[PDB]
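Undergrad: Sharing a structure here in structure tokens format.
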Amino acid sequence: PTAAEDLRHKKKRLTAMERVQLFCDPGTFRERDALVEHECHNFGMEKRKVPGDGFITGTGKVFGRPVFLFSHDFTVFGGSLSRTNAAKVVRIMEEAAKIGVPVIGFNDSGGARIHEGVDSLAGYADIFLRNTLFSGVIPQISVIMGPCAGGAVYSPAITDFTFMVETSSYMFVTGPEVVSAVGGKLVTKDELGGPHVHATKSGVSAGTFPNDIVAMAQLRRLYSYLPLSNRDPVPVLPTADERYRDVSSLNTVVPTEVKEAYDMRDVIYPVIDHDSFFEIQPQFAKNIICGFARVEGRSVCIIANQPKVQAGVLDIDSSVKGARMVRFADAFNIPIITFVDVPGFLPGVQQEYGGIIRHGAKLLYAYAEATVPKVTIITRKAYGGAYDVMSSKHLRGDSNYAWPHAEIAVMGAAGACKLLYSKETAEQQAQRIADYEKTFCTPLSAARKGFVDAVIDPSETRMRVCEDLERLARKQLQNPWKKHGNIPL
Amino acid sequence: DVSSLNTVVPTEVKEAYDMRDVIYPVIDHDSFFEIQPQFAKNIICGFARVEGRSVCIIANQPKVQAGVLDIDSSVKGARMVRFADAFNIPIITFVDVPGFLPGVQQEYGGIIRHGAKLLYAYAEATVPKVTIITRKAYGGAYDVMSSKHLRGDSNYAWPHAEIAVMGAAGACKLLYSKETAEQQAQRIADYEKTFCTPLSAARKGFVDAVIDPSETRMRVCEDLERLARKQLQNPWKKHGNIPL
Amino acid sequence: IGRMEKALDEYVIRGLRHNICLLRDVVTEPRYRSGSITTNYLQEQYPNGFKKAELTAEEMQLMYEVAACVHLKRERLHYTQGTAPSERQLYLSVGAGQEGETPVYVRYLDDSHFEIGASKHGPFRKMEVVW
Ligand SMILES: O=CCCCC[C@@H]1SC[C@@H]2NC(=O)N[C@@H]21
Ligand SMILES: O=CCCCC[C@@H]1SC[C@@H]2NC(=O)N[C@@H]21
């Protein structure tokens with residue numbers, strides 16, 4: 001019996017129920033509500049009632065841990081929401097708020113249902129309020145499998161992570177017809193809101209998958225990292241890997257020349273456990289890396305610069321990416337580990353015309369507000385305000401480390417030499433820049449002041465990180481009483 | 001395996017059955033401790049274990065007086081619910097009620113006060129609740145016996161249930177004042193067919209799902225395992241004001 | 001030679017390419033094990049570029065079995081406490097077009113022992129994998 005799904009598969013596409021079956025465990029899905037009708041009675045809609053009413057909501061179970069989910073249905077009315085569709089979603093989110101369980105939704109709606117009038121707006125508003133209230137209480141993940149237009153786009157935005165499917169998905173606020181009507185330009189749906197556009201240009205989508213099957217397979221892996229609720233502790237899984245594994249290849253990663261580049265992944269991979277990195281937003285703002293990883297069987301958060309791309313310089317997009325990652329990680333009590341290599345901020349008129357001052361402050365706010373244990377490692381250099389922003393010791397950092405060839409200075413040697421000698425005799429470059437770099441572009445001064453705990457061999461990083469992260473397991477820090485902060489938007 | 005539940009409910013609507021035949025299969029073997037066994041026999045209350053954890057049982061009984069709510073039954077159920085909630089004990093209820101007991105003595109004795117106690121106890125409670133509607137639920141009795149709107153966790157019904165405002169006769173009378181005589185035969189049957197069935201209540205969203213009677217143990221164990229860590233709180237009060 | 005064969009496969013090199021495939025193919029060739037060779041041997045046996053020899057049916061079957069065992073072992077790691085499975089039915093097929101769908105079972109009787117078979121109600125072999 002394979003009835004009524006032949007029409008769907010013929011278009012090389014899967015069904016909502018099949019997606020739900022693929023996500024959860026083999027036999028642990030219990031559909032909650034299945035016999036519900038729209039009761040519209042307008043515009044010749046009194047007929048063609050549907051039992052499911054276009055939504056599939058259940059409970060399920062992943063890796064032995066509970067979950068909640070819902071999936072849109074494209075065959076029935078195009079997946080449009082109504083006064084009645086939104087009730088099921090509201091009930092699921094409320095139940096997942098009472099119990100410490102997350103929510104995952106597979107969006108496929110074609111837009112609002114016009115035949116209901118303003119009831120669709122009512123349902124949208126209720127879903128928006130539930131998302132707003134419960135953000136930071138239970139993790140929310142959203143996946144977009146098909147078209148997603150109109151005002152329905154906003155609820156995925158408030159969710160913590162949004163993923164996209166490559167061939168047959170798109171998302172935008174207004175359709176290309178209106179764009180043609182007002183501006184006069186003919187742009188296709190994919191050219192407007194395709195997965196690539198949101199992966200590279202707008203920065204909304206947190207990832208892209210080639211197929212639905214791969215999407216489910218990796219969504220399970222992502223779910224294996226998250227904590228169940230706000231009050232539950234960070235999960236710890238058994239692992240045969242051990243902190244005594246030898247990592248001596250880190251002694252040679254940093255080149256002896258100051259103008260040559262290297263890949264920061266060569267430093268990230270040895271420290272964490274084998275094959276346990278899940279990069280977030282891999283194709284957007286490549287000069288910074290963010291993602292999840294495990295250290296001795298417990299999930300941690302990774303944020304590191306990359307001198308491979310644009311000399312590892314902070315920017316607007318990198319600031320937004322890092323700020324969102326830090327805020328989410330702190331909201332759910334996940335340790336943060338950072339690797340620092342920054343020469344400063346990206347210079348240019350477009351930057352000031354785009355508001356670098358606002359955006360660069362977001363990362364600093366996220367780092368200063370955080371109360372989870374932090375570990376910082378300075379590999380090569382840290383200059384100016386970039387050193388302050390990237391989790392400096394003064395921002396209530398727990399432990400800070402440096403490598404023997406690091407440099408921590410106010411600015412580059414040339415600018416310091418220029419400002420320290422206004423009209424000093426010519427040729428001052430040769431006998432002053434070298435001396436200043438020798439005397440003050442070294443971690444000795446910063447260690448004398450007390451800004452780094454110790455200068456360590458690069459081969460001891462795994463040992464030190466495991467020791468510190470084990471000791472810091474029970475830190476309790478609290479901020480002054482506030483209704484909420486006022487972050488620079 | 002519990003497949004004997006498929007046959008407990010008779011196919012006639014006027015025949016009676018023993019609710020213990022439904023209570024005993026779901027709970028673990030030889031683990032029932034009835035409370036007040038000889039008083040207000042139309043309602044059963046007691047303690048029982050489900051998968052090794054103690055729960056509270058409150059069910060109607062159509063054997064005695066057609067399973068009709070009353071003063072004494074209301075007091076008994078109210079006290080049991082209040083005690084069970086005070087100490088964080090899950091509550092499981094089985095529903096079969098045609099309404100309240102009609103009589104002058106009842107109003108002369110204050111049915112209004114006493115019947116409100118059970119409703120207050122059910123609404124105030126914050127422990128996980130599971131409700132199963134076997135055959136019927138009419139009028140305010142459906143509201144009182146842990147309906148889904150009183151912050152109930154999960155509600156289930158059996159395929160031959162009935163959830164209506166009142167009996168078919170009264171509805172037919174009120175819906176057609178002076179309609180042509182013999183209206184009984186071609187109206188009561190139609191109304192009972194169309195609206196005395198769980199399809200309408202399922203359409204509205206008042207029952208989670210319609211289940212086979214053989215899956216009750218599975219569903220109850222699953223729900224009671226999942227609901228182990230619910231945290232609900234009432235608004236701040238020095239204390240309530242229950243109708244004494 | 002056998003020693004070399006075995007020792008070639010245990011040389012883990014990551015971060016750059018190498019010619020171990022050529023050495024393996026040359027050693028495994030029956031011409032090399034015949035006893036005598038020549039100095040024009042290489043280009044005589046490699047006329048157009050280089051193309052590594054393929055796998056026989058039993059080798060590919062063994063690779064399938066080992067892949068299924070590894071998949072199950074790594075799957076059991078992620079589950080919490082005792083809520084973990086012990087038997088599945090997998091469908092292995094190499095290539096982008098699923099060439100040669102081979103149903104496989106697995107039982108995981110111990111930490112490093114399985115009961116691989118064709119499917120359910122099929123004879124089992126009880127191989128061993130240590131990884
Ligand atoms: O010496 C002249 C140019 C030096 C730029 C050094 C890098 S580029 C972006 C960032 N902003 C700075 O002031 N320094 C760094
Ligand atoms: O049809 C006439 C008498 C119906 C009574 C039905 C039962 S008796 C007690 C309870 N009160 C009602 O109104 N209905 C039920």
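Residue numbering restarts at 1 in every chain; chains get A, B, ... in the order shown in the structure tokens, and ligands count up from 1 in that same order.
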Find the residues near ligand 2. Use a cut-off of 9 Å, count only C-alpha atoms and all ligand atoms, and write them as a list in words.

TA: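 Using only C-alpha atoms and all ligand atoms, everything at most 9 Å from ligand 2 comes to residues 65, 66, 68, 69, 97, 98, 99, 100, 101, 102, 138, 139, 166, 167, 168, 169 and 170 of chain B.
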
Undergrad: Write the residues of the selection above to a file with N, CA and C atoms, as a PDB file, in the first residue's frame.

TA:
ATOM      1  N   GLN B  65     -26.112   2.807  40.443  1.00  0.00           N
ATOM      2  CA  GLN B  65     -26.837   4.046  40.164  1.00  0.00           C
ATOM      3  C   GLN B  65     -26.405   4.692  38.853  1.00  0.00           C
ATOM      4  N   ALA B  66     -26.037   3.877  37.868  1.00  0.00           N
ATOM      5  CA  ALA B  66     -25.691   4.355  36.529  1.00  0.00           C
ATOM      6  C   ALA B  66     -24.497   5.305  36.539  1.00  0.00           C
ATOM      7  N   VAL B  68     -23.622   7.920  38.466  1.00  0.00           N
ATOM      8  CA  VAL B  68     -24.078   9.302  38.506  1.00  0.00           C
ATOM      9  C   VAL B  68     -23.393  10.018  39.661  1.00  0.00           C
ATOM     10  N   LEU B  69     -22.874  11.214  39.395  1.00  0.00           N
ATOM     11  CA  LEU B  69     -22.246  12.009  40.439  1.00  0.00           C
ATOM     12  C   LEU B  69     -23.274  12.458  41.472  1.00  0.00           C
ATOM     13  N   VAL B  97     -20.123   8.999  32.886  1.00  0.00           N
ATOM     14  CA  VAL B  97     -21.121   9.728  33.670  1.00  0.00           C
ATOM     15  C   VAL B  97     -22.256  10.239  32.790  1.00  0.00           C
ATOM     16  N   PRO B  98     -23.515   9.974  33.153  1.00  0.00           N
ATOM     17  CA  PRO B  98     -24.629  10.586  32.423  1.00  0.00           C
ATOM     18  C   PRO B  98     -25.066  11.927  32.980  1.00  0.00           C
ATOM     19  N   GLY B  99     -24.559  12.338  34.135  1.00  0.00           N
ATOM     20  CA  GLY B  99     -24.935  13.621  34.696  1.00  0.00           C
ATOM     21  C   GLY B  99     -24.976  13.552  36.213  1.00  0.00           C
ATOM     22  N   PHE B 100     -25.780  14.436  36.790  1.00  0.00           N
ATOM     23  CA  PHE B 100     -25.942  14.546  38.231  1.00  0.00           C
ATOM     24  C   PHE B 100     -27.263  13.929  38.665  1.00  0.00           C
ATOM     25  N   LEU B 101     -27.322  13.535  39.930  1.00  0.00           N
ATOM     26  CA  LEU B 101     -28.492  12.824  40.430  1.00  0.00           C
ATOM     27  C   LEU B 101     -29.625  13.810  40.659  1.00  0.00           C
ATOM     28  N   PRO B 102     -30.782  13.589  40.008  1.00  0.00           N
ATOM     29  CA  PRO B 102     -31.866  14.560  40.138  1.00  0.00           C
ATOM     30  C   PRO B 102     -32.783  14.261  41.318  1.00  0.00           C
ATOM     31  N   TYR B 138     -21.566  13.688  29.676  1.00  0.00           N
ATOM     32  CA  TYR B 138     -22.604  14.643  29.326  1.00  0.00           C
ATOM     33  C   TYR B 138     -22.617  15.807  30.303  1.00  0.00           C
ATOM     34  N   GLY B 139     -22.921  16.988  29.773  1.00  0.00           N
ATOM     35  CA  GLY B 139     -23.175  18.169  30.567  1.00  0.00           C
ATOM     36  C   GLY B 139     -21.984  18.586  31.404  1.00  0.00           C
ATOM     37  N   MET B 166     -26.179  17.084  26.112  1.00  0.00           N
ATOM     38  CA  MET B 166     -27.134  16.331  26.914  1.00  0.00           C
ATOM     39  C   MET B 166     -27.650  15.171  26.079  1.00  0.00           C
ATOM     40  N   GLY B 167     -28.580  14.420  26.664  1.00  0.00           N
ATOM     41  CA  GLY B 167     -29.171  13.301  25.958  1.00  0.00           C
ATOM     42  C   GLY B 167     -29.892  13.736  24.699  1.00  0.00           C
ATOM     43  N   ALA B 168     -30.111  12.767  23.811  1.00  0.00           N
ATOM     44  CA  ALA B 168     -30.689  13.075  22.508  1.00  0.00           C
ATOM     45  C   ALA B 168     -32.111  13.609  22.636  1.00  0.00           C
ATOM     46  N   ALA B 169     -32.875  13.090  23.600  1.00  0.00           N
ATOM     47  CA  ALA B 169     -34.274  13.488  23.732  1.00  0.00           C
ATOM     48  C   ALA B 169     -34.402  14.972  24.059  1.00  0.00           C
ATOM     49  N   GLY B 170     -33.647  15.443  25.052  1.00  0.00           N
ATOM     50  CA  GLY B 170     -33.741  16.843  25.433  1.00  0.00           C
ATOM     51  C   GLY B 170     -33.285  17.780  24.333  1.00  0.00           C
TER      52      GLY B 170
END

Undergrad: If the limit is 10 Å from any atom of ligand 1, counting only C-alpha atoms and all ligand atoms, which residues qualify? Return them as a JSON list (two decimals) with C-alpha atoms, in the first residue's frame.

TA:
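Generated output (out.json):
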[["chain", "number", "residue", "atom", "x", "y", "z"],
["A", 310, "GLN", "CA", 41.76, 38.33, 4.94],
["A", 311, "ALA", "CA", 44.55, 38.05, 7.54],
["A", 312, "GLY", "CA", 42.05, 37.08, 10.24],
["A", 313, "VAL", "CA", 40.62, 40.59, 10.56],
["A", 314, "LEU", "CA", 37.43, 41.29, 12.48],
["A", 315, "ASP", "CA", 34.52, 42.72, 10.52],
["A", 342, "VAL", "CA", 43.89, 39.28, 15.02],
["A", 343, "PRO", "CA", 45.77, 42.31, 13.64],
["A", 344, "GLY", "CA", 42.81, 44.64, 14.12],
["A", 345, "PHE", "CA", 39.65, 45.77, 12.35],
["A", 346, "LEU", "CA", 39.04, 46.00, 8.62],
["A", 347, "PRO", "CA", 39.73, 49.54, 7.40],
["A", 348, "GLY", "CA", 37.45, 51.15, 4.81],
["A", 383, "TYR", "CA", 46.54, 44.23, 18.72],
["A", 384, "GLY", "CA", 44.41, 47.18, 19.76],
["A", 386, "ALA", "CA", 40.64, 43.42, 18.96],
["A", 411, "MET", "CA", 49.48, 48.63, 17.62],
["A", 412, "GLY", "CA", 51.98, 47.74, 14.93],
["A", 413, "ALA", "CA", 55.59, 48.79, 15.31],
["A", 414, "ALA", "CA", 55.44, 51.37, 12.51],
["A", 415, "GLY", "CA", 52.62, 53.44, 14.00]]

Undergrad: So that I can see what lies close to range 68-83 of chain A, please list as a ChimeraX atom specification the residues with an atom at most 9 Å from it, counting only C-alpha atoms and leaving out residues fewer than 3 positions away in the same chain.

TA: /A:8,15-17,19-20,38,50,52-61,86-89,92-93,96,101-124,146,152

Undergrad: In Å, how far is it from CA of residue 470 in chain A to CA of residue 76 in chain C?

TA: 25.3 Å

Undergrad: Give the residues of chain A that lie within 8 Å of chain B; count only C-alpha atoms, and format the answer as a compact mmCIF listing (two decimals) with N, CA and C atoms, in the first residue's frame.

TA:
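Writing the result to selection08.txt gives the following:
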# COMPACT_ATOMS: atom_id res chain seq x y z
N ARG A 32 0.10 13.29 17.68
CA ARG A 32 -0.75 13.81 18.74
C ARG A 32 -2.17 14.03 18.25
N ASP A 33 -2.35 14.87 17.23
CA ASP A 33 -3.68 15.22 16.76
C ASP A 33 -3.79 14.91 15.28
N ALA A 34 -4.86 14.22 14.89
CA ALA A 34 -4.97 13.76 13.51
C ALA A 34 -6.32 13.99 12.86
N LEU A 35 -7.38 14.29 13.60
CA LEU A 35 -8.72 14.48 13.02
C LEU A 35 -9.19 15.88 13.39
N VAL A 36 -8.81 16.87 12.59
CA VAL A 36 -9.15 18.27 12.85
C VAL A 36 -9.48 18.94 11.52
N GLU A 37 -10.54 19.75 11.52
CA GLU A 37 -11.01 20.42 10.31
C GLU A 37 -10.98 21.93 10.49
N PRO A 66 13.80 12.54 24.68
CA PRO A 66 12.55 13.03 24.10
C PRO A 66 12.76 14.27 23.24
N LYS A 98 6.42 23.55 29.52
CA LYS A 98 6.24 22.97 30.85
C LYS A 98 7.31 21.93 31.15
N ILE A 99 7.55 21.03 30.20
CA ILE A 99 8.58 20.01 30.34
C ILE A 99 9.83 20.51 29.64
N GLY A 100 11.00 20.20 30.18
CA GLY A 100 12.23 20.69 29.59
C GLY A 100 12.65 19.97 28.32

Undergrad: Should the cut-off be 12 Å, what would the residue list for chain A against chain C look like, counting only C-alpha atoms, as number ranges by chain?

TA: A: 25-26, 61-66, 217, 220-225, 235-240, 266, 275, 297

Undergrad: Can you measure CA of residue 95 in chain C to CA of residue 68 in chain C for me? One decimal in Å is fine.

TA: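 Between these atoms lies a distance of 16.1 Å.
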
Undergrad: Give the answer as one residue: which of B:13, B:23, B:161, B:211 has the shortest atom-to-atom distance to residue 93 in chain B, using only C-alpha atoms?

TA: B:23

Undergrad: In Å, with one decimal, what is the gap from CA of residue 151 in chain B to CA of residue 331 in chain A?

TA: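 Separating CA of residue 151 in chain B from CA of residue 331 in chain A is a distance of 28.9 Å.
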
Undergrad: Which residues are near residue 46 in chain B? Cut-off 6 Å, only C-alpha atoms, ignore same chain within fewer than 4 positions. Put them as JSON, numbers by chain.

TA: {"B": [33, 34, 35, 57]}

Undergrad: Using only C-alpha atoms, which protein or nucleic acid residues come within 9 Å of residue 362 in chain A? Drop anything in the same chain fewer than 3 positions from it, and give the result as a ChimeraX atom specification.

TA: /A:319-320,322-324,358-359,365-367,487-489
